[PDB]
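J.: Below: one structure in structure tokens.
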Amino acid sequence: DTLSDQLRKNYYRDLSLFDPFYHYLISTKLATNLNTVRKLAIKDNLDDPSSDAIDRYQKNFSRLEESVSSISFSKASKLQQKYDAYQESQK
Amino acid sequence: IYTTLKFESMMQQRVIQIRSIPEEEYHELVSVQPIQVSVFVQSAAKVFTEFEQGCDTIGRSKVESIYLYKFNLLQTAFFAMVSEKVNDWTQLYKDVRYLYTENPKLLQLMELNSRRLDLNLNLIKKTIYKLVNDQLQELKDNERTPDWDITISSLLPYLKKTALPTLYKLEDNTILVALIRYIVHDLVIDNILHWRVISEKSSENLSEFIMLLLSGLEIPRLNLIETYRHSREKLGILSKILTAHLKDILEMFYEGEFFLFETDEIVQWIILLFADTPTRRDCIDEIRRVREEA
Amino acid sequence: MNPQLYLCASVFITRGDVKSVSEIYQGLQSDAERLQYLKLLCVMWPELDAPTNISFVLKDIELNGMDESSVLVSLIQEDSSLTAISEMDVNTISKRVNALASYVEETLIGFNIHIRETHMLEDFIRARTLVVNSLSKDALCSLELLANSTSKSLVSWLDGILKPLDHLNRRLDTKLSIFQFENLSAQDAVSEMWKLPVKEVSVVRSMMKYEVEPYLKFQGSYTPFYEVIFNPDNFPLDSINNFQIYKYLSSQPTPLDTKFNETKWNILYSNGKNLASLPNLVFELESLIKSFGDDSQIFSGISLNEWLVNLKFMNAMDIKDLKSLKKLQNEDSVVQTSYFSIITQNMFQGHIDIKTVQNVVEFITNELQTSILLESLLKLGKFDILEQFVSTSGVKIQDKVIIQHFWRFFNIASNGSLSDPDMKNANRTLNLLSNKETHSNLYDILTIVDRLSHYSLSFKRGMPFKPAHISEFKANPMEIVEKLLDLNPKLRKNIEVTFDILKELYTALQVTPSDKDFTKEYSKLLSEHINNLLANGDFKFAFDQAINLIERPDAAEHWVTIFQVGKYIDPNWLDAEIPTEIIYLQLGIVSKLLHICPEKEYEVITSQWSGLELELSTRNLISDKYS
């Protein structure tokens with residue numbers, strides 16, 4: 001809960017500081033951090049099958065994962081559209 | 001209460017003088033007339049002269065009512081003390097008769113003294129009364145084996161070396177007659193008459209005893225007094241009654257030998273010693289009857 | 001770096017692509033390009049990724065001679081998403097590079113870290129550790145990277161900062177970051193460590209070993225320890241736990257600073273009074289004092305050895321602190337004499353050996369101290385040890401002290417018997433006198449009081465006669481003999497024994513008799529026997545003694561007792577009549593009394609004589625009923 005709130009606070013702060021490239025990097029970095037927490041929760045449930053670490057993970061991070069996935073997709077799509085428009089202008 | 005004031009206080013001046021009669025006067029003897037008195041007797045004359053002397057300081061009339069109380073009391077006071085200071089009461093008695101010879105006003109003093117003597121006589125009588133019945137009592141319990149000791153160690157030595165030599169010191173031959181008479185009449189013979197019986201054997205025991213009594217009651221200076229010889233003759237006759245068979249007994253009566261025996265006494269002496277027979281009868285009625293005719 | 005390569009690299013870095021980021025790093029030809037790349041890697045690598053994934057920067061660089069252009073070409077070929085990032089106009093590429101470079105530099109400045117070209121890997125590991133710790137709050141989050149470093153500076157930082165902070169955070173459930181802890185003052189950091197939930201020796205030992213000692217060793221100063229922890233305010237010495245923590249900290253071999261020993265002393269000297277409020281205090285003080293070493297300057301002019309000697313006597317002085325012990329040196333000679341006399345009296349209580357005396361000699365006016373020692377042995381009835389000590393040392397007790405202790409034992413004694421413990425102690429006390437003849441009367445007092453204890457004697461009705469009461473009869477010793485005659489019927493005929501008791505009483509009480517032969521006292525004694533015999537029906541023996549009394553030079557003073565014999569009437573006589581024999585005896589004594597009595601009494605004495613003579617004249621001396 002403390003880690004989810006600190007990740008959420010840092011993420012929305014860093015998104016508010018500012019080309020879609022910056023927000024693409026910030027969302028990619030957070031997606032990698034969330035993947036490390038996911039892997040840790042999976043490992044804990046493998047080491048102790050009675051652990052609720054996967055359920056705690058889903059409860060605390062699911063909305064943040066969805067938000068990051070949506071922003072990462074949007075910014076990756078805007079990066080590609082700017083590039084395709086640039087290529088057609090050069091042609 | 002003024003007169004009372006002085007009378008008790010001069011009572012003090014003579015008493016101081018009496019305590020002051022020098023102590024060595026009650027032990028030393030002076031020659032005086034013949035009697036010998038102690039050195040203090042003559043000094044003593046002054047104290048009772050001095051009581052009359054002290055009376056002048058308000059005389060009689062002012063003194064008449066207690067004088068006899070006060071005089072007799074002083075005579076009594078002096079008398080008591082000198083007994084403890086003058087050891088030998090017989091030495092003591094002689095001094096006191098001599099003082100009330102010198103001044104015949106010491107009335108109580110002679111009463112005290114004569115009674116002092118009566119006592120000393122009774123002391124002599126009591127000690128002697130005890131021994132005689134007891135020896136006689138001793139004879140009484142063991143006819144067969146009398147203890148002659150009662151007589152031997154105490155009674156006669158008392159008389160010869162104690163009782164009698166004491167009586168010589170007092171010098172008054174009328175009185176010795178009263179003492180010898182006491183032992184013979186009131187002591188020895190009377191108890192003897194009052195036994196239930198005088199056993200045939202007891203009489204000889206008794207015969208050994210009395211004679212021993214005569215031996216110690218012989219006072220040669222008195223062969224001159226009538227009852228002294230009558231007592232000794234009588235006792236001499238009493239032992240003789242005690243050891244004879246009946247025939248010698250009537251023989252005596254007729255001989256006047258019962259001069260010192262009442263018919264009452266003669267028959268009673270007959271009644272006590274021998275058993276009832278005409279023999280005792282002819283003799284007894286003979287004595288009372290020859291005594292009857294006389 | 002090439003602007004296009006720097007932008008492509010930032011995408012692989014943020015993706016945690018270990019392969020692409022390691023290949024780009026090995027392709028960098030200049031230290032300036034590597035510095036720019038390591039700044040980017042430090043800030044943009046995902047904080048939660050495994051520290052081992054960036055460990056390739058710690059490997060030696062194999063200069064494979066790949067040109068930046070060839071690496072850029074392959075990366076754009078493999079990932080078409082990089083085309084929109086790297087193939088823009090020059091102004092857009094410069095804007096992207098400047099925005100990213102500003103963000104990276106602002107982030108590093110926010111931690112007060114500058115990565116230097118001369119120390120690039122060391123400063124990178126420190127920077128990366130602060131960046132990761134800002135998120136995770138784990139102070140050991142980069143331990144795997146630090147363990148692979150040969151830098152002594154990083155090892156000292158791990159041991160002095162990271163390990164202390166990790167232990168502090170785990171102990172207090174605090175989440176203090178490395179950057180926050182490094183920006184604390186050394187006093188504030190030690191103050192945070194000194195926050196203990198429970199102050200026990202075990203907890204303090206763990207905090208000292210894993211937090212404070214490594215931190216102060218890294219800071220290069222122990223001053224924060226004495227200022228914040230080891231001071232009089234934290235060590236009131238008012239509890240066993242506080243005292244044991246003080247003992248434990250006082251034994252730490254670091255720090256070797258004079259300020260440590262001063263502060264250790266200031267705690268003990270200021271707060272040591274509270275120690276009076278431990279199995280053996282003297283042993284704990286002895287162990288602590290031995291741990292200073294032999295440095296006399298600390299001890300206000302008393303040597304270590306002198307403190308150790310003085311500590312042995314703290315219990316005998318009833319002194320429980322070093323400051324009160326030092327204060328005794330400033331006390332006056334009378335107070336010092338009193339304390340030294342208490343020491344010797346306390347040390348010599350119970351059974352003692354010669355070593356106990358030798359310890360007092362090693363500790364050491366000596367004459368006054370020895371007097372208090374001897375007075376304490378006397379006080380406690382230790383006569384066997386006193387006799388042994390006096391015979392061996394040649395020391396004499398003052399006769400005044402001996403006489404004072406004699407009266408103390410004599411006045412406490414329950415009865416006069418020499419079997420009584422206090423009468424034994426009084427007798428033993430007199431045997432210490434150097435001159436028995438000068439005090440003969442004290443032995444006479446012991447002797448007569450023992451003799452009196454063999455008789456029935458009471459001081460007052462229902463109060464037993466004590467030895468102490470004999471002094472009350474000094475004005476009239478005859479009153480003891482009067483009480484003896486009343487209470488002991490066997491004494492009434494034993495004039496020799498009561499006269500011997502009277503002579504012993506006069507001797508013991510220092511009463512002067514009338515003459516050398518006790519003439520008046522014997523006449524009075526004989527008078528008291530006659531009075532007691534008449535009161536008990538023994539007319540014979542009363543009369544025999546009244547004949548002895550009447551022949552005495554002073555018999556006139558006793559005329560009343562002689563007159564009482566002359567008027568005596570026994571209510572048990574037959575018909576209540578005087579026996580005739582007794583009348584002659586009473587006449588007997590009354591007219592001897594007429595020769596010596598006061599002239600004023602002649603009438604009364606003569607009236608008794610005439611009454612007895614008249615009574616005698618009424619008796620039939622031949623048949624005397626009353627003989």
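By order of appearance in the structure tokens: chains A, B, ..., then residues from 1 within every chain, and ligands from 1 in the order shown.
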What's around residue C:61 at 12 Å? Count only C-alpha atoms, leave out sequence neighbours fewer than 3 positions away in its own chain, and write the answer as a list in words.
T.: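 The residues satisfying every condition are residues 22, 23, 24, 25, 26, 27, 28, 29, 30, 31, 34, 56, 57, 58, 64 and 65 of chain C.
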J.: Selection from above, N, CA, C and O atoms, as an mmCIF file, in the first residue's frame, can you write it?
T.:
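That gives us selection_13.cif:
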```
data_model
loop_
_atom_site.group_PDB
_atom_site.id
_atom_site.type_symbol
_atom_site.label_atom_id
_atom_site.label_comp_id
_atom_site.auth_asym_id
_atom_site.auth_seq_id
_atom_site.Cartn_x
_atom_site.Cartn_y
_atom_site.Cartn_z
ATOM 1 N N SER C 22 24.328 -2.929 -22.452
ATOM 2 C CA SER C 22 25.709 -3.411 -22.316
ATOM 3 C C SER C 22 26.483 -3.284 -23.630
ATOM 4 O O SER C 22 27.644 -2.883 -23.605
ATOM 5 N N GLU C 23 25.865 -3.599 -24.771
ATOM 6 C CA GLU C 23 26.492 -3.473 -26.095
ATOM 7 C C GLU C 23 26.813 -2.012 -26.432
ATOM 8 O O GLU C 23 27.930 -1.716 -26.860
ATOM 9 N N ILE C 24 25.887 -1.084 -26.156
ATOM 10 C CA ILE C 24 26.140 0.352 -26.339
ATOM 11 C C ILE C 24 27.298 0.806 -25.448
ATOM 12 O O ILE C 24 28.190 1.491 -25.939
ATOM 13 N N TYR C 25 27.323 0.404 -24.170
ATOM 14 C CA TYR C 25 28.381 0.803 -23.232
ATOM 15 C C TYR C 25 29.777 0.335 -23.672
ATOM 16 O O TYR C 25 30.722 1.121 -23.637
ATOM 17 N N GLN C 26 29.900 -0.915 -24.136
ATOM 18 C CA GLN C 26 31.162 -1.475 -24.642
ATOM 19 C C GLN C 26 31.622 -0.811 -25.955
ATOM 20 O O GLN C 26 32.812 -0.790 -26.260
ATOM 21 N N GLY C 27 30.693 -0.226 -26.721
ATOM 22 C CA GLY C 27 30.986 0.529 -27.940
ATOM 23 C C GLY C 27 31.472 1.971 -27.723
ATOM 24 O O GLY C 27 31.934 2.588 -28.682
ATOM 25 N N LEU C 28 31.388 2.529 -26.506
ATOM 26 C CA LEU C 28 31.782 3.922 -26.236
ATOM 27 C C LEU C 28 33.306 4.083 -26.211
ATOM 28 O O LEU C 28 34.015 3.409 -25.450
ATOM 29 N N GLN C 29 33.805 5.017 -27.024
ATOM 30 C CA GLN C 29 35.235 5.152 -27.310
ATOM 31 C C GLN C 29 35.937 6.164 -26.397
ATOM 32 O O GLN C 29 37.138 6.026 -26.168
ATOM 33 N N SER C 30 35.219 7.158 -25.871
ATOM 34 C CA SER C 30 35.788 8.192 -24.994
ATOM 35 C C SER C 30 35.206 8.180 -23.580
ATOM 36 O O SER C 30 34.047 7.826 -23.360
ATOM 37 N N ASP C 31 36.004 8.622 -22.606
ATOM 38 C CA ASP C 31 35.563 8.727 -21.210
ATOM 39 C C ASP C 31 34.460 9.784 -21.029
ATOM 40 O O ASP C 31 33.558 9.602 -20.216
ATOM 41 N N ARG C 34 31.307 7.896 -22.058
ATOM 42 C CA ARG C 34 30.999 6.994 -20.931
ATOM 43 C C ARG C 34 30.410 7.740 -19.743
ATOM 44 O O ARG C 34 29.436 7.266 -19.167
ATOM 45 N N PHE C 56 27.515 -5.005 -15.484
ATOM 46 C CA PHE C 56 28.383 -4.946 -16.665
ATOM 47 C C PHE C 56 29.229 -3.667 -16.719
ATOM 48 O O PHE C 56 30.304 -3.703 -17.307
ATOM 49 N N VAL C 57 28.801 -2.570 -16.079
ATOM 50 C CA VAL C 57 29.594 -1.328 -16.017
ATOM 51 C C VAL C 57 30.868 -1.479 -15.184
ATOM 52 O O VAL C 57 31.787 -0.682 -15.340
ATOM 53 N N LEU C 58 30.913 -2.487 -14.305
ATOM 54 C CA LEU C 58 32.055 -2.800 -13.440
ATOM 55 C C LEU C 58 33.077 -3.713 -14.119
ATOM 56 O O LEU C 58 34.134 -3.968 -13.549
ATOM 57 N N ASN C 64 35.994 -3.058 -28.681
ATOM 58 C CA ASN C 64 35.707 -3.846 -29.879
ATOM 59 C C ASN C 64 35.794 -3.035 -31.177
ATOM 60 O O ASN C 64 35.607 -3.576 -32.264
ATOM 61 N N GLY C 65 36.058 -1.733 -31.090
ATOM 62 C CA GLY C 65 36.229 -0.881 -32.263
ATOM 63 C C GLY C 65 34.958 -0.703 -33.096
ATOM 64 O O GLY C 65 35.046 -0.230 -34.228
#
```
J.: For chain A, work out the contacting residues on chain C at 8 Å, counting only C-alpha atoms, and write them as an MDAnalysis selection string.
T.: chainID C and resid 11 14:16 44:49 81 83:85 87:88 96 100 135:136
J.: If we count only C-alpha atoms, which residues of chain B reach to within 6 Å of chain C? Please list them as a list in words.
T.: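 Using only C-alpha atoms, chain B residues at most 6 Å from chain C: residues 12, 19, 80 and 81 of chain B.
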J.: Could those residues be written to a file, using N, CA, C and O atoms, as an mmCIF file, in the first residue's frame?
T.:
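File produced: selection.cif:
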```cif
data_model
loop_
_atom_site.group_PDB
_atom_site.id
_atom_site.type_symbol
_atom_site.label_atom_id
_atom_site.label_comp_id
_atom_site.auth_asym_id
_atom_site.auth_seq_id
_atom_site.Cartn_x
_atom_site.Cartn_y
_atom_site.Cartn_z
ATOM 1 N N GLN B 12 15.899 12.095 140.455
ATOM 2 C CA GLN B 12 17.045 11.924 139.564
ATOM 3 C C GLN B 12 18.392 12.097 140.279
ATOM 4 O O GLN B 12 19.348 11.391 139.951
ATOM 5 N N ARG B 19 23.626 4.914 140.685
ATOM 6 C CA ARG B 19 24.420 4.396 139.573
ATOM 7 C C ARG B 19 25.896 4.673 139.786
ATOM 8 O O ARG B 19 26.755 3.987 139.223
ATOM 9 N N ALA B 80 16.360 -4.052 143.233
ATOM 10 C CA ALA B 80 16.511 -4.849 142.010
ATOM 11 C C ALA B 80 17.911 -4.855 141.422
ATOM 12 O O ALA B 80 18.438 -5.917 141.080
ATOM 13 N N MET B 81 18.543 -3.702 141.342
ATOM 14 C CA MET B 81 19.839 -3.615 140.674
ATOM 15 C C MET B 81 20.991 -4.364 141.289
ATOM 16 O O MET B 81 21.813 -4.959 140.588
#
```
J.: Please identify all polymer residues within 12 Å of residue C:142, counting only C-alpha atoms, omitting same-chain residues fewer than 6 positions from it, and present them as a PyMOL selection string.
T.: chain C and resi 47-55+124-133+136+148-149+154+158+162-163+178
J.: Looking at C:248, C:339, C:389, C:407, which one is nearest to residue C:352, with distances taken over only C-alpha atoms?
T.: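 Closest to residue C:352 of all the choices is C:389.
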